[PDB]
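Peer 1: Part one of the assembly, not moved from where it sits:
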Amino acid sequence: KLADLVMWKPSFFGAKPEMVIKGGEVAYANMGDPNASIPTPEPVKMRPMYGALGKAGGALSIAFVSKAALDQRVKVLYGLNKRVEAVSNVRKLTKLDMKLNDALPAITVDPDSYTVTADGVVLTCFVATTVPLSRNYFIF
Amino acid sequence: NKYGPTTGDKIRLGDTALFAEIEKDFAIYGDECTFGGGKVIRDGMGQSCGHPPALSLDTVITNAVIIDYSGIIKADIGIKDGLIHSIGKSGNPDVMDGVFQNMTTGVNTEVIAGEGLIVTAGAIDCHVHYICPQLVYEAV
Amino acid sequence: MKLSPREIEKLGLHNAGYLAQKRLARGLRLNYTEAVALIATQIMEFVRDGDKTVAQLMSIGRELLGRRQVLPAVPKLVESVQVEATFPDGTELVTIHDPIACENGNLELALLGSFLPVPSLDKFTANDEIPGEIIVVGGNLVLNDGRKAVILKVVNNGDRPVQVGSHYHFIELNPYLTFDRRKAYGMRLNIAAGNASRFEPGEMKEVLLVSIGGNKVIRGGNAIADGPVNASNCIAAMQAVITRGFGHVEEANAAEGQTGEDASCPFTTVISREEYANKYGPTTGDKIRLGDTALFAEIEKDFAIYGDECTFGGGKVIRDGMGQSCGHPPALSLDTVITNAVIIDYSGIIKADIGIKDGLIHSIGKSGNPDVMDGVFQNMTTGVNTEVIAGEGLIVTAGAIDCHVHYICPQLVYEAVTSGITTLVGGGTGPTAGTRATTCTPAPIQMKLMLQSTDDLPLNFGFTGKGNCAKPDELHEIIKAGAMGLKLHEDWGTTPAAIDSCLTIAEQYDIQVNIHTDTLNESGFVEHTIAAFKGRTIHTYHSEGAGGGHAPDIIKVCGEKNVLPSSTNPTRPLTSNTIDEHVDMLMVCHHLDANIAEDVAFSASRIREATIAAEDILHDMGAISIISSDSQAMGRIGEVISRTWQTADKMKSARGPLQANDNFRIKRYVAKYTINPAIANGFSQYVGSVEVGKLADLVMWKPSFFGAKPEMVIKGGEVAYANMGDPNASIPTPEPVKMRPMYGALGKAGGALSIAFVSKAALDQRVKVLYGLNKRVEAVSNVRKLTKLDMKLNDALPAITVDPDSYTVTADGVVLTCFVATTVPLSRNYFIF
């Protein structure tokens, strides 16, 4: 498969990644002072990298079209430098084809209370007052 | 601390309460691929010299914790032609046991240091409204 | 001279007439091609003379060549000869219909102007006792069953002739036809699809009318009845007939019924069965002789619903609102439809319309307009934007696939498409010593170059690198460059080490390994090479071995489950000149001396009647799966097809039937140059058979010429190459007719219509982008898990032994012996040299 790959610090996992590899080449990443003696001095922010300049973005990625469009070579017609591929194998999917998420409860919903029942069990959940991956990470 | 966690170790995801346990490690203790002055990935040592040039990895990501739907593991990741070429123990078959012919770090191989980091697939957002190009930068 | 192109061509046409003249003066009975050149030539000279008129030459042309002067097939092959020439009053077209109109012709007049002595009759051989003949089942067919019907009186009250086509909406006729318009509503003539009833002025006719089918929606004509047929639209149509003055007299008494399937119902129309075959080509149960061989294809299935055939022409079925649909969504109109085709293909011999869309085969079945015809599915619509290729009477097969090609010269290529080949797989870089010996494009640089070189040519191409190596290093590189397969050849060394190293690579890259084994047994005998395979898929070239390999027993490979075996074509089949030809050919290619003991020993160990005899059989057995050329390196590019059928004709005649027709054999063989070369090389999803979803690489044949010269080659949906006559002429059929590139072969079109095949690794790097290729590029795949059992209809696995002294071949205990045929079909009847 494409080496579309994201590097994370565990201390920052799920909030802000270090580096985004697109098709095997670094496309976007944390980067500090361009004039500095190393890459880590302030201000460090997410910036596009060599994978995002000139013709590179196209060489590293896929535009997805229908098979019919590809049969006509819309990649050629449209003058695209990005690789074009067709989507497929979508008309025979069921919920059971979703990796680790194939559950199929009997669901009822009360038209007045809006209460949801799944497999006989009334679903109720508390209202969390906070979430992780937020106050520790963001300047706004 | 040097090479990232190994089989049995657990890793807190960000500041959540989630722990990921290393399920499997491909490392053979003592031959980890680490790059730097005096380090392992040098000519004729960890960097192979004399294998067929066409099979050198374009890039190796070293000592990655991979979190993926298919497993949470510790592995080197080799990239070739924009694709994921292999996942396992990489390095130099002339000097190290357990290096298969699809995981050679060679002269012409770039190094992305994964030690201590998590790698996951790039995320795929399948409910996008192309309202402005800046959504895109915010996404990547 | 200021010669225009037409003048130059006719000079060639003349030279052919004169050659045919010389042959006739020798008392040779002329073939088809000779008869044509001769007659067109004389017609042009008579025109030069200025004495004779068009009408004269039309008669004179029939009295030049007589039955005595021609071969037995000719009177059925030569339906007529056409040419155009400059008469005193400018260019005029002369058609000579049925030129063999007599027994003796007129020799003097057939030679007149040639200054060749006129031979006497007794110099000619005595007459012997029909290629592509249709054997019709006896009987009739009721058209248009199961439909509401009516017979109505119709009068032409106009002063000029009116003629109505089989599918025209009858209510929509010329307002000067008087009849019961209300009864005519929703009806059309119940006559054969594509003909007409003519009304001279004042004429009265009693016409059988039958209801339209499908959705029953009327469109076009005069817009009298626009809409779906129902009581509410009838009322509106009658209003418009009154308002607009369309001729109408109520026929209260008209006979009404329907088209019942019984005898003597006055509403039905039957078509004589022989006549049906002649109009629309054969249907279920009829049989067709392949060319002038002894082979007969029986139509196994027909999609037609009798009476609604898709025939295009003046008055015919494919017209706005009738068979051509009007109102369906425009995106689903077929780009092209091939009407009334006999399809011969490994998967079945059938009768069907073929729909092309986006360069692909979109559908196979009953095509037309769902508004007016029953049985038309949504993927078979003939629409406004649909081109028609008329296959009635013709056979359609997939484009042949030649998978043993040496790229020695560009002309091999034109010779290939012109014979019916649309894919080439092999190696080479031009007329070098390496390419003349091996199918190898050795350098990455040369891969780039050959892909760039062939980029405008309307054929799919695959190039193979040099597989001969005891290390994988450079093999990696040639595949990354774009090779889609590797060739192991003895001339570069085919040793067990090279064989292993090469196949280990093939396992990595999913490409096919083709091999020409070590003839010298320098390194091992055949056993040792088979061991070196190690159970891995490998394509063995010319498995019989005349073309190369372990002496004398390479043929043993046709019994290894992991071997896919092919033959090259020159040893096909064993005929009387075969052995003599091949020994010398071997001597010439190997620079050997007839007078040196061991040179003659090597040669006799290579070229073997016993093994070539065995090849005819294993070919018929389905033990050798593919036939290929070896173009210009022991084999012949334009004869992959003819040699396949020649082999099949000889076995029919020598052996038992294979399963009252020749279907099983026909299918078994067609698969040898269509589907099996594509499976073995790994691109069978794209080409190799007439099946939905694949490229529309399709070849149109006249049954009389089938397996010798095709009419037309369609590359990815568009005609690429075809028979074409005088470009100045009023029609395309006048002489000289020859195979010419068409619009699919010019400018950018060849690239738009075809595929270049590479390895997945090369496509991973986008060599299509790197090489600046305009041809579509795709990867070969699914080749490292093939066994002989994956070869369609050619999956036999005999236990083979070969006697090291007598060279006798034994398969499953049976000693293989076959006769030396003295002649073959698909030759003397067809070729000028």
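Peer 2: Sure thing, it's come through. Numbering: from 1, shown residues only, chains lettered A, B, ... in the order given.
Peer 1: For the rest of this, base every contact and every neighbour count on C-alpha atoms.
Peer 2: Fine.
Peer 1: Get me the contact residues on chain B for chain A.
Peer 2: Neighbours of chain A within chain B, by CA under 8 Å from any CA of the partner chain: B:11-16, B:59, B:69, B:79-84, B:114, B:116-122, B:140.
Peer 1: Going through the residues you listed, which ones are buried?
Peer 2: Buried subset of these (neighbour count, 16 or more other CA atoms under 10 Å in any protein chain shown): B:11, B:13-15, B:59, B:79-84, B:114, B:116-122, B:140.
Peer 1: do stretch C:452-466 and chain A meet?
Peer 2: No: between stretch C:452-466 and chain A, judged by CA under 8 Å from any CA, nothing touches; the nearest distance is 15.3 Å.
Peer 1: Return the set of buried residues in that stretch.
Peer 2: Judged by neighbour count (16+ other CA under 10 Å), stretch C:452-466 contains these buried residues: C:452, C:454-466.
Peer 1: end to end, how far does that stretch reach?
Peer 2: 19 Å (CA to CA, to the nearest Å).
Peer 1: again, but for stretch C:410-424
Peer 2: The stretch stretch C:410-424 measures 12 Å between its terminal residues, going by CA to CA.
Peer 1: and the closest residue to residue B:52 other than its chain neighbours, what is it in contact with?
Peer 2: Distances taken as CA to CA, 6 or more residues apart in numbering or on different chains put residue C:473 closest to residue B:52, at 4.8 Å, once the chain neighbours are dropped. Applying CA atoms under 8 Å, 6 or more residues apart in numbering or on different chains, we find residue C:473 in contact with B:52, B:53, B:54.
Peer 1: tell me which of those is nearest to residue B:131?
Peer 2: Checking these against residue B:131 with CA to CA, the nearest one is residue B:54 at 43.7 Å.
Peer 1: ok, now which ones touch the closest one?
Peer 2: C:473, C:476, C:477.
Peer 1: quick one, phi/psi of the residue nearest to residue B:52?
Peer 2: Dihedral angles of residue C:473 (phi, psi; degrees, to the nearest 10) stand at phi -50, psi -50.
Peer 1: How many residues are close by residue 140?
Peer 2: I went with chain A, as the question did not name one. Applying other CA atoms under 10 Å in any protein chain shown, we find 5 residues neighbouring residue A:140.
Peer 1: I was after chain C.
Peer 2: Residue C:140: 14 surrounding residues under other CA under 10 Å.
Peer 1: Report the spatially closest residue to it, excluding sequence-adjacent ones.
Peer 2: In space, and not counting its chain neighbours, residue C:140 is closest to residue C:272: 4.5 Å by CA to CA, 6+ apart.
Peer 1: Go back to the residues of chain B next to chain A and keep what's next to chain C.
Peer 2: With CA under 8 Å from any CA as the criterion, the residues of chain B next to chain A include B:81, B:82 near chain C.
Peer 1: And the residue of chain C found nearest chain B, how close does it get to residue B:16?
Peer 2: Nearest to chain B, among the residues of chain C, is residue C:473, at 4.8 Å (CA to the nearest CA). Going from residue C:473 to residue B:16 by CA to CA gives 50 Å.
Peer 1: Ok, residue C:69 next?
Peer 2: The gap separating residue C:69 from residue B:16 is 99 Å, by CA to CA.
Peer 1: One more: residue C:115?
Peer 2: 106 Å.
Peer 1: ok, the residue in chain B positioned nearest to chain C - contacts?
Peer 2: At 4.8 Å from chain C, residue B:52 is the closest residue in chain B, using CA to the nearest CA. By CA under 8 Å, 6+ apart, residue B:52 lies in contact with C:472, C:473, C:474.
Peer 1: how about the nearest residue to the first one, chain neighbours excluded?
Peer 2: Taking CA to CA, 6+ apart as the measure, residue C:472 lies nearest to residue C:501, with 6.2 Å between them; neighbours along the chain are not counted.
Peer 1: add chain D to what we have:
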Amino acid sequence: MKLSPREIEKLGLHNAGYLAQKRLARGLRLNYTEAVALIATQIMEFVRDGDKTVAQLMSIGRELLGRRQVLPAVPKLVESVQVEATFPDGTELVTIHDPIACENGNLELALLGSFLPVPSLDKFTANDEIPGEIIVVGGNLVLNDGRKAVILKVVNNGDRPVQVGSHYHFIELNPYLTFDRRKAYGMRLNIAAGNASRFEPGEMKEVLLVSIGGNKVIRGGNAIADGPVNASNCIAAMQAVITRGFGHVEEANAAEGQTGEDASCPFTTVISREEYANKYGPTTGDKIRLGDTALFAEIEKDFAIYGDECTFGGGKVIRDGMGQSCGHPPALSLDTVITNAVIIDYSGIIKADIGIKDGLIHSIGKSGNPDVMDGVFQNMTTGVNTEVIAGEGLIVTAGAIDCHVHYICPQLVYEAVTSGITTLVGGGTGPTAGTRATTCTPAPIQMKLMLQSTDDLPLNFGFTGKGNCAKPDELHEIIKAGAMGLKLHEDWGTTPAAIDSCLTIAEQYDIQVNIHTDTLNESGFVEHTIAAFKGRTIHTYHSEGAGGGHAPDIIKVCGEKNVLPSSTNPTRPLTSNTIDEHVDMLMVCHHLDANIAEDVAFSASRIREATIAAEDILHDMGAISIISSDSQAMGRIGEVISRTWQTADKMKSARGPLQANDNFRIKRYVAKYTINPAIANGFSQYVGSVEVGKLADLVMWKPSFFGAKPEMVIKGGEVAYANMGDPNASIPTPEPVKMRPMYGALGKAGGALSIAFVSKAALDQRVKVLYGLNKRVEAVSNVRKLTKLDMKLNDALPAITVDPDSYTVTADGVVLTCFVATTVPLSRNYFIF
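Peer 2: With chain D added, the chains above now look like this:
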């Protein structure tokens, strides 16, 4: 007729046979080409007849034309005639070996079917008493000197024949050969490079074995001995011989020594010297006749190490692990190797392998595999990915460079590459009055167009603008547009003012000025034009003047140190029809009247036996440096080469030797159409000689045909054009063989292989990008500091005078007179018209 391409070609082949038939009936002795057409033609007719077999025609073909019916060269030129035709049993190949197998042939049978009266013998001229003959030095050569050796008993204990090639690693043989495997280690057969020893089953042979060379690393075969030869790998090889059952009996007593350079040492193998030349082409000391001229090239130097020649073929040297290397870094494999070439080039007549890489000449020397052969440098490796062009027996020269081209029609171009020309320099825009008179592409627009036009053609091109101007304004513009040189022509005015203004521009832009002076002396006599040069470099076209310039003394320019002078080719050399032809040609081009006093006066002042006689000499003197065509504007594109050698042949015969061979003359002349046109136009770093670093624009010749018709034209590393026979045939040699474009001439390839030359100023602006050119574009340079002394081997500077009345030319005090030759070589023997 449904003619396939092969049918159309054979019709042409026939027409050639019949023409040759007509000539024979007149009692003309046939040349090579006639003999071939005639015989192939009859063979095809005999096949049409259906009476005769392949084996018959093989004998019959030898008895058609006899020594009496052919010219003196023919029995050596016609080694054989091949054709394929449709016998009753399909297409078969007929080879006629040594067709002149007798004295009288069989006239009746050579004409049979032609209805031509059969001439009697006495109608034919009487026999006269060998083109490209190799004159061998007397003697033998010891192969493989200085190497460890052993003689061993070898037995074939297998039941099938085993044959071993000269370079196969002996320990790696078929396990059914029994011998002392431990002694065989590191050894190979000591026989001529490329042959073999054959073991029938049960046979015992006593084989001479010699040690491998270079690094002594074994690869391939069975992998018995994988590795460098040393005591440690020997032990492992013996282990594997035991384990794997490879036949082994110790021969404790075997004779051991080495290959000493003395007489009667039983370990050495000698090759007869005449036989060496025949296998591998000539070596140091041998001599080669150029075509049918009187010229002899002696091999000055050979890089071969006798015994290790690179020969490719079954059993031959170029195979995996033997001569083909296995394990070197893949990037340094040669793309192509030309094996065993005689190179004739200004810089030396030598014997060498030629290595091609990236379209460039990479190396010249001894090529092969450093693991098994001595003397192979790192830039000469034949690898897995290396294509082979076999030059053994052949001559290689640089592509000719024609620097006086008028682009009148595209066909000039094909005629040029087919004769051995790969670069064209001139001007024009097609068949207009301006281009028919001058080598001028006048408008910037037309520059763009001609560069775009010629973009796919596999030749390097340079275009020149109109230099005729008394102001620089528009000259700036044409050079900026892409002109790489300017032409001053009298037809546009070549006045001293125009000459000055044009050369001042040339000094600015570093481009060459070509001039055709003022014939009319309208403005000045030659003195005045020379003064206008002002010591600046200028190329004078057809310096003799028949083709144009100051009457009667333009030739004086061959004595000016700043003049680079060329001749055009039609006046080369002075022969009996020369003067008559040229006067009329002049009359025709100038629209003059034979009956008007001054028209005939101008003409006699232009065309001059005295000056043309002087041109033969100054040409031989090295006083005129270049020979060019003047294609279709007084000169002949396909004859730049032949006319150069024709001139050299006539001078050999008329004058003294130039420095026991013709090397000095040969080199002097070859430089006239190779290196000197590239120096004068400013692109000699890219083309013009067979030297490392330049494009691999290389022409392969048969010595028998050298300077008449080449075999093959390699453009930038890839075959572009070559002799090719029947595209349908089993080999590339059957008739009709004709010069055809190859894969380097199709699609995008011509562009990838060639250069378009422009001015530096045009490249500064990237006209390659602006014009959308796929051909590589480069700038010409180093042209404003040239003098006659920069012309390789043609730097002579005579003091010249010309008598204004007698036209007599004097050079350095010597009156120049030369005879009118009645005939020339490289003509009657070669051409069909």
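Peer 1: once more on the contacts of residue C:473, this time with chain D?
Peer 2: B:52, B:53, B:54, D:327, D:330.
Peer 1: Please apply the same query to residue C:294.
Peer 2: Going by CA under 8 Å, 6+ apart, the list of residues near residue C:294 reads C:649, C:652, C:653.
Peer 1: right, and the helix or strand after the longest helix seen in chain C?
Peer 2: For chain C, the helix with the greatest residue count under DSSP state H is helix C:5-25. Counting by DSSP states H and E, the next helix or strand C-terminal to helix C:5-25 is helix C:32-49.
Peer 1: Return the distance of that following helix from the chain's centre.
Peer 2: Averaging C-alpha positions (CA atoms, centre = their mean, to the nearest Å) puts helix C:32-49 29 Å from its chain's average.
Peer 1: On the three-state scheme, residue C:234 is what?
Peer 2: helix (DSSP: H, G, I helix; E, B strand; the rest coil).
Peer 1: Next up, the contacts around it.
Peer 2: So residue C:234 contacts C:182, C:185, C:225 (CA under 8 Å, 6+ apart).
Peer 1: next one: residue C:58
Peer 2: Here residue C:58 is in contact with C:94, C:95, C:96, C:97 (CA under 8 Å, 6+ apart).
Peer 1: ok so it is a helix residue?
Peer 2: Yes: looking at residue C:58 with three-state DSSP, it is inside a helix.
Peer 1: Which of the contacts of residue C:58 fall in strands?
Peer 2: C:94, C:95, C:96, C:97 (DSSP state E).
Peer 1: Any buried residues in stretch C:44-55, and which?
Peer 2: When burial is assessed from 16+ other CA under 10 Å, stretch C:44-55 yields the following buried residues: C:44, C:45, C:46, C:47, C:54.
Peer 1: Rebuild the residues you listed as TSV, extending it with distance to chain B.
Peer 2: Shown next, in TSV, are those (distance: CA to the nearest CA, whole Å):
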residue	distance to chain B
C:44	65
C:45	68
C:46	71
C:47	69
C:54	70
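Peer 1: Quick check: the two most widely separated of those?
Peer 2: Maximum pairwise distance in the buried residues of stretch C:44-55, criterion CA to CA, is 12.7 Å, between C:45 and C:54.
Peer 1: how much space between the closest residue to residue B:80 other than its chain neighbours and chain D?
Peer 2: Among residues not flanking residue B:80 along the chain, residue B:58 sits closest, at 5.0 Å (CA to CA, 6+ apart). Residue B:58 sits 18 Å away from chain D, going by CA to the nearest CA, to the nearest Å.
Peer 1: So residue B:58 sits against residue B:110, correct?
Peer 2: Yes: contact status for residue B:58 versus residue B:110: in contact at 6.1 Å, counting by CA atoms under 8 Å.
Peer 1: Compare those two (neighbour count), which wins?
Peer 2: Between residue B:58 and residue B:110, counted using other CA under 10 Å, the more crowded position is residue B:58 (23 against 16).
Peer 1: And the more buried one, how far from residue B:82?
Peer 2: Counting by CA to CA, the gap from residue B:58 to residue B:82 is 8 Å.
Peer 1: Which stretches in chain B count as strands?
Peer 2: In chain B, the strands defined using DSSP E lie at B:10-12, B:19-21, B:59-68, B:71-80, B:83-88, B:110-113, B:118-121.
Peer 1: where does the closest residue to residue B:15 other than its chain neighbours fall, helix, sheet strand or coil?
Peer 2: Closest residue to residue B:15 apart from its sequence neighbours, by CA to CA, 6+ apart: residue A:132 at 5.8 Å. Following three-state DSSP, residue A:132 is assigned to coil.
Peer 1: Tell me how many other residues surround residue A:132.
Peer 2: 13.
Peer 1: Contact partners for residue C:250?
Peer 2: By CA under 8 Å, 6+ apart, the neighbours of residue C:250 are C:179, C:180, C:181, C:182.
Peer 1: burial measure for the last one, as a count.
Peer 2: Yep, that's residue C:182 we're talking about. The local packing of residue C:182 (other CA under 10 Å) involves 18 other residues.
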